[PDB]
Amino acid sequence: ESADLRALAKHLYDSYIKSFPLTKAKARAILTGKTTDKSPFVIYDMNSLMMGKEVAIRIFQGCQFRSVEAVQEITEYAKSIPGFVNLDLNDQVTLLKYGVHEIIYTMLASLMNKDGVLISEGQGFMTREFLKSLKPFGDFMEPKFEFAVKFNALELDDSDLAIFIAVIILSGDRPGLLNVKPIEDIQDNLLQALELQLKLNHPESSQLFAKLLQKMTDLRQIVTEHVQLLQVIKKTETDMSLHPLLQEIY
Amino acid sequence: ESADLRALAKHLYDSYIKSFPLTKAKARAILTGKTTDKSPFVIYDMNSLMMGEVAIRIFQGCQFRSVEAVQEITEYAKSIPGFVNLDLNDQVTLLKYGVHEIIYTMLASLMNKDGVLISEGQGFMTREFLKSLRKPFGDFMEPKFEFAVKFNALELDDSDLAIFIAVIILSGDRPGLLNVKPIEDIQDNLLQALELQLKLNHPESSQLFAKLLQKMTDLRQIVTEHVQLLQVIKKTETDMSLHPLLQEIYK
Ligand SMILES: CC(C)(Oc1ccc(-c2cccc3ccccc23)cc1)C(=O)O
Ligand SMILES: CC(C)(Oc1ccc(-c2cccc3ccccc23)cc1)C(=O)O
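About the cut-offs
Residues numbered from 1 in each chain as written, not as in the entry; some residues may be left out. Chains lettered and ligands numbered in written order. Heavy atoms only, no water. Helix = DSSP H or I, 4+ residues; strand = E, 2+ residues; numbered from the N terminus. Buried < 20%, exposed > 50% of the residue type's maximum accessible area, 1.4 Å probe, protein only. Areas by Shrake-Rupley, 256 points an atom, 1.4 Å probe, with all protein chains shown as cover. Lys, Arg positive; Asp, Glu negative; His and termini not counted. Charge placed at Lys NZ, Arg CZ, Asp CG, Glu CD. Pairing = 2+ DSSP bridges. Near = heavy atom within 4 Å. Polar contact = N/O pair within 3.5 Å; in protein donor to acceptor, adjacent residues only side chain to side chain. Contact = heavy atoms within 4.5 Å. Buried area = accessible area lost by both parts, 1.4 Å probe. Salt bridge = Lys/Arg side-chain N within 4 Å of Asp/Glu carboxyl O. Nonpolar A, V, L, I, M, F, W, Y, C, P; charged D, E, K, R; others polar.

- The PDB entry lists chain B under the name Peroxisome proliferator-activated receptor gamma, with Homo sapiens given as the organism.
- The record lists its title as "Crystal structure of the complex PPARgamma/AL26-29".

- Per the PDB entry, chain A is named Peroxisome proliferator-activated receptor gamma, and its organism is Homo sapiens.

In structure tokens, the structure reads:
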């Protein structure tokens with residue numbers, strides 16, 4: 001009934017707030033928008049960054065660090081989705097493994113506008129053109145920027161995004177899953193809760209449910225495109241015995 | 001009004017029939033060995049291939065059929081209300097990015113786990129036979145079978161597919177589009193039409209609408225993979241001619 005759907009929605013919203021550092025609502029206030037309580041430090045050039053083992057590699061590695069960190073926040077959020085911990089533990093691991101990249105790029109949009117991205121929990125702001133100003137690394141944020149511009153045109157808020165992220169985790173078509181049935185049964189429930197949420201939250205945005213789902217197609221293409229860049233960078237340099245243990249962590 | 005959505009659904013179903021020679025309904029009647037009205041001849045090896053008469057031959061068959069399919073899809077496209085009224089450059093762009101996604105959607109209608117109908121249903125070519133084709137060509141069809149088997153478990157019929165196919169063409173998040181808003185206004189209507197159609201045609205089937213739209217992710221991947229395998233073929237087969245139309249669509 002509408003009752004357990006709204007219950008599910010509020011549950012997810014509550015744990016999404018608890019699990020992640022900067023909400024979209026706060027990121028929007030910082031960006032383009034209102035509140036400049038404390039302006040973020042802006043990174044627009046090589047100087048700016050320093051004023052903030054090596055620049056272009058420094059920045060791409062920094063994004064990896066945050067993303068490893070984010071995997072744990074996503075994990076904790078996953079385990080708050082009703083039914084998730086009851087799944088086969090191999091399937092939990094699989095769902096997280098193939099889901100975290102799509103989740104990261106989804107949420108990255110919350111931190112982006114067409115001009116740049118908030119980092120360090122909104123304390124910083126790296127400009128889009130400074131990012132594109134790199135060498136075989138000026139290639140890696142631009143498709144995220146192009147995706148975010150289109151995705152943010154849907155004007156979702158955190159309550160919408162909480163359910164959407166849960167939908168992504170409970171996919172069903174991840175390779176190697178052992179028991180697809182309960183996963184799809186949970187996702188069917190989450191899709192219902194999502195549909196309702198979007199109808200109550202955006203009553204005059206017609207077919208917002210459908211439009212948001214079609215965005216999954218662009219999301220997977222981003223992820224695919226990102227892993228192939230990663231494979232190229234794994235041909236920039238791999239041999240060095242000065243962070244073997246840090247290499248491990250990533 | 002739901003009434004307007006029903007008329008649009010009827011209209012699109014109607015054009016689909018008139019545009020596409022072999023419907024899913026006919027494909028299923030052929031495939032199910034309980035209607036012996038006219039059974040297909042089955043191609044499962046090279047001698048049955050020669051009885052029912054290599055890899056290049058088969059794939060250029062596929063190439064010619066695809067170009068004709070583009071024609072039929074193009075014909076169907078003009079019947080979608082609002083489509084011919086769009087900026088022409090966008091009409092080209094919509095077709096360019098839509099055509100292959102639709103071909104693999106419809107291809108599934110002619111497939112089961114064991115093979116695919118060919119030559120307007122007169123032939124059936126085995127999945128194993130296609131998989132054993134020489135090294136580059138043996139990998140072309142297998143991901144389409146994979147898609148088709150899970151897509152076919154949605155159990156869509158032609159009146160469903162007519163609207164879904166229209167939804168695909170009228171995307172708008174396609175690259176290079178000049179006027180996105182009028183494209184999205186039309187898709188928005190196709191989507192309402194699709195949503196109603198599935199809930200009436202499949203009352204017991206929970207969130208079929210969402211699960212169908214998720215399938216759009218899979219069609220993208222198929223196209224992407226097929227493209228990268230075509231550029232392999234282009235280099236190992238310098239003597240094989242890719243069709244100019246198909247060439248213009250791929251970039
Ligand atoms: C889950 C998410 C979106 O994870 C992020 C991952 C990477 C970045 C990021 C993106 C681009 C450059 C960066 C440089 C240093 C640190 C982080 C980045 C921002 C957020 C977040 O922090 O909300
Ligand atoms: C739109 C569609 C799906 O177009 C087709 C495209 C390719 C094939 C096909 C697929 C695989 C092998 C073939 C060999 C000879 C001729 C055609 C094929 C069948 C149909 C159709 O005819 O319904």
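Examining the overall build of chain B
Piece 1. Per the secondary structure count, chain B includes 11 helices and 4 strands.
Piece 2. Dimensions of chain B along its principal axes, counting C-alpha atoms only, are 60 × 45 × 30 Å.
Piece 3. In chain B, which comprises 251 residues, the proportion classed as buried is 52%.
Piece 4. Total accessible area on chain B is roughly 12500 Å²; 56% of this is exposed by carbon and sulfur atoms.
Piece 5. For chain B, the distance from the average site of its 28 positive side-chain charges to the average site of its 33 negative ones is 4 Å.

Some remarks on the overall build of chain A
Piece 1. Per the secondary structure count, chain A includes 12 helices and 4 strands.
Piece 2. Principal axes of the C-alpha set define a box for chain A whose edges measure 55 × 45 × 30 Å.
Piece 3. Taking all 250 residues of chain A together, the buried fraction comes to 50%.
Piece 4. For chain A, the exposed area adds up to about 13100 Å²; of that, 55% sits on carbon and sulfur atoms.
Piece 5. Considering chain A, the positive charge centre built from 27 side chains and the negative charge centre built from 33 side chains are found 3 Å apart.

Some points on the sheet that holds strand β3 (residues 115–118) of chain B
Residues and elements named next belong to chain B.
Piece 1. Across the sheet, which stays open at both edges, the 4 strands sit in the order β1-β4-β3-β2 with mixed pairing between neighbours. Whereas interior strands pair on both sides, the edge strands pair on one side only; in this sheet they are β1 (41–43) and β2 (111–112).
Piece 2. Across 2 bridges, β2 lies against β3 in antiparallel orientation. Bridge pairing links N112 to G115 in β3.

Quick word on the site of ligand 2
All names here are of chain B.
Piece 1. Taken together, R65, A69, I103, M106, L107, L110 and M141 make up the full set of residues near ligand 2.
Piece 2. At a separation of 2.4 Å, an oxygen atom of ligand 2 approaches a polar side-chain atom of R65.
Piece 3. Compared with its free state, where it exposes 500 Å², ligand 2 has 89% of that area covered by protein.
Piece 4. Every element with two or more residues in the shell around ligand 2 is listed here: α4 (55–78) and α5 (88–107).

Some thoughts on the interface of chain A and chain B
Piece 1. Counting residues at the interface gives 24 residues for chain A and 21 residues for chain B.
Piece 2. Between chain A and chain B the total buried area reaches about 2000 Å² when both faces are included, carbon and sulfur atoms providing 43% of it.
Piece 3. Among the residues of chain A in contact with chain B, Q207(A), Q214(A) and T217(A) are the three that bury the most area, contributing 29% of the side total.
Piece 4. Counting across the interface, chain A meets chain B through 3 salt bridges.
Piece 5. Across the pair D173(B) and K215(A) runs a salt bridge, and its minimum N-O distance is 3.0 Å.
Piece 6. In this assembly, chain A and chain B are joined by 7 residue pairs in polar contact.
Piece 7. Contributions of two or more residues to the side of chain A that touches chain B are made by α10 (180–201) and α11 (208–233) of chain A.
Piece 8. The element contributing the most residues to the side of chain A that touches chain B is α11(A), with 12 residues.
Piece 9. Grouping the amino acids of the side of chain A that touches chain B by side-chain chemistry returns 5 nonpolar, 9 polar and 10 charged.

Some thoughts on the site of ligand 1
All names here are of chain A.
Piece 1. Lining the immediate surroundings of ligand 1 are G62, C63, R66, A70, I104, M107, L108, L111, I119 and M141.
Piece 2. With respect to ligand 1, the side chain of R66 contributes an N or O atom lying 2.7 Å from an oxygen atom.
Piece 3. Protein contact buries 91% of the 500 Å² of open area that ligand 1 shows by itself.
Piece 4. Of all the secondary structure elements, the ones that give two or more residues to the shell around ligand 1 are α4 (55–78) and α6 (100–110).
Piece 5. Counting residues per element, the shell around ligand 1 draws most heavily on α4, at 4 residues.
Piece 6. Of the residues that constitute the shell around ligand 1, the class distribution is 8 nonpolar, 1 polar and 1 charged.

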